[PDB]
Each structure stands twice: as structure tokens, then as C-alpha cells.
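As a basis for the values below, the full set of heavy atoms in this structure was taken, side chains included, without hydrogen atoms, waters or symmetry mates. Quick note: residue numbers are just sequence positions, from 1.
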Amino acid sequence: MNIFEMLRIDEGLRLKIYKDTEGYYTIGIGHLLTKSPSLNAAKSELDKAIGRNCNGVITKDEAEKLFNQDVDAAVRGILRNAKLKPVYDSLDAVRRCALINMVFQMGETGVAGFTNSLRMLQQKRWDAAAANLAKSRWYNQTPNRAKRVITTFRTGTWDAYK
Ligand SMILES: [Cl-]
Ligand SMILES: [Cl-]
């Protein structure tokens with residue numbers, strides 16, 4: 001089990017524009033296109049993204065290419081972030097995947113807002129962090145996926161995903 005396999009489970013694969021759980025125009029493996037209502041604003045972003053006229057449909061390879069970019073982007077943003085970097089540096093390899101998961105999902109800024117939770121992770125207080133993470137809109141909106149992430153943090157194993 002690796003970060004890619006983990007995210008593929010949590011996000012799905014879709015070859016045609018769709019709306020995310022939040023109403024947003026998305027494609028491939030959890031690749032957000034825009035927060036605008038316009039289906040046209042989405043089709044434009046999408047061609048910009050691919051370098052072709054997609055007319056809202058992409059190939060597997062293309063979805064994978066975007067997936068590589070996003071995971072890379074997520075990892076670099078953590079390493080570049082003053083709040084995130086220390087947490088990540090302090091973590092084991094499994095728990096590190098958990099932090100990348102959250103960042104890919106909610107962006108650097110959002111995750112950086114979980115001040116208390118981050119502090120508890122850094123102090124290796126697994127149970128308490130898992131309890132704090134749960135008290136969020138994130139958890140309330142996408143509970144099954146959040147629970148899987150939370151369990152990964154609490155345990156340090158890939159149980160939730162196997
Ligand atoms: Cl709450
Ligand atoms: Cl969910």
C-alpha cells in the first residue's frame with residue numbers, strides 16, 4: 001500500500017467531468033477543476049490543464065498524469081510550509097501518507113488551520129489527535145473517508161484500507 005493506492009481508493013477514477021461531494025467540477029482522480037458554477041468555466045480549465053480540447057472527457061493516462069502532478073504538488077507544499085513541515089518531519093512513514101491525503105483533499109491552507117490536531121500529532125498523542133480531527137466540518141461532510149484517514153493516524157497501520 002502506498003500513497004497513490006490509498007488516494008485512488010479514497011477518490012475514485014472518473015474519465016468524465018463530474019461534481020464532487022461539495023458541488024465542484026472535478027475530473028480524474030480527485031483533480032478539482034474550478035469552484036465556479038459554470039460548466040463552461042470547467043471545460044476551459046480542463047483544456048488548459050491537458051493541453052487539448054477535451055470536451056469534458058479525458059483518457060486514463062491523462063487522469064494519471066494529473067494524479068502524479070497533484071501528489072507531487074501536495075508533497076512539495078507540505079515541505080514548503082512552516083506549519084506542516086515540522087509535523088511531517090516528526091512522523092513515521094504510514095502517518096506521513098495520512099497527512100499527504102488531507103493535504104491533497106483540502107489544500108495546504110486548510111490543513112494548516114487544524115492547529116490543535118497538528119500539535120497533538122507532533123506530540124505523538126494518537127488517541128487525542130484522532131478525537132480532535134473528528135470535530136470538524138471535514139469529518140461531518142465525508143465521514144467514511146475521514147474515518148479511514150483518522151484511523152491511519154491513530155494506528156500507524158494501513159488497516160482501514162485493507
Ligand atoms: Cl464539530
Ligand atoms: Cl465519505
Please answer: with hydrophobic residues joined when any side-chain heavy atoms are less than 4.5 Å apart, are [X] and [Y] in the same cluster?
X: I150; Y: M120; value: no
X: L13; Y: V71; value: yes
X: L15; Y: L66; value: yes
X: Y139; Y: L99; value: yes
X: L32; Y: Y18; value: no

Do you know the tightest heavy-atom contact between [X] and [Y]?
X: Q105; Y: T142; result: NE2-OG1, 3.9 Å
X: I29; Y: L7; result: CG2-O, 4.4 Å
X: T152; Y: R95; result: O-CG, 3.8 Å
X: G156; Y: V94; result: O-CB, 3.4 Å
X: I100; Y: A74; result: CG2-CB, 4.3 Å
X: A160; Y: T151; result: CB-CG2, 4.0 Å

Could you state the interatomic distance from [atom1] ([X]) to [atom2] ([Y]), rounded to the nearest 0.5 Å?
X: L84; Y: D89; atom1: CG; atom2: CG; value: 11.0 Å
X: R148; Y: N101; atom1: CZ; atom2: CG; value: 9.0 Å
X: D47; Y: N55; atom1: CG; atom2: CG; value: 8.0 Å
X: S44; Y: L33; atom1: OG; atom2: CG; value: 10.0 Å
X: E62; Y: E64; atom1: CD; atom2: CD; value: 10.5 Å
X: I58; Y: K65; atom1: CD1; atom2: NZ; value: 12.5 Å

Close side-chain approach of [X] and [Y], heavy atoms under 4.5 Å:
X: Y161; Y: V149; answer: yes
X: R52; Y: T59; answer: yes
X: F114; Y: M106; answer: yes
X: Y25; Y: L39; answer: yes
X: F67; Y: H31; answer: no
X: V111; Y: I78; answer: no
X: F104; Y: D10; answer: no
X: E5; Y: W158; answer: no

Quick check: are there more than 12 heavy atoms from other residues, nucleotides or ligands sitting under 6.0 Å from CZ of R125?
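For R125, atom CZ is not crowded (no more than 12 foreign heavy atoms under 6.0 Å).
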
Where the side chain of [X] meets the backbone of [Y], is there a donor-acceptor pair that is under 3.5 Å apart?
X: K124; Y: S90; value: yes
X: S38; Y: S36; value: no
X: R80; Y: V75; value: no
X: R96; Y: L91; value: yes

Can a side-chain donor-acceptor contact be found between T157 and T155 if the only test is distance below 3.5 angstrom?
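Yes, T157 and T155 have a side-chain donor paired with an acceptor closer than 3.5 Å.
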
Which residue pairs satisfy the salt bridge (charged side-chain N to carboxylate O under 4.0 Å, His left out) criterion with at least one member in residues 11-26, sequence neighbours excluded?
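Output for this query lists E11-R145, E22-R137.
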
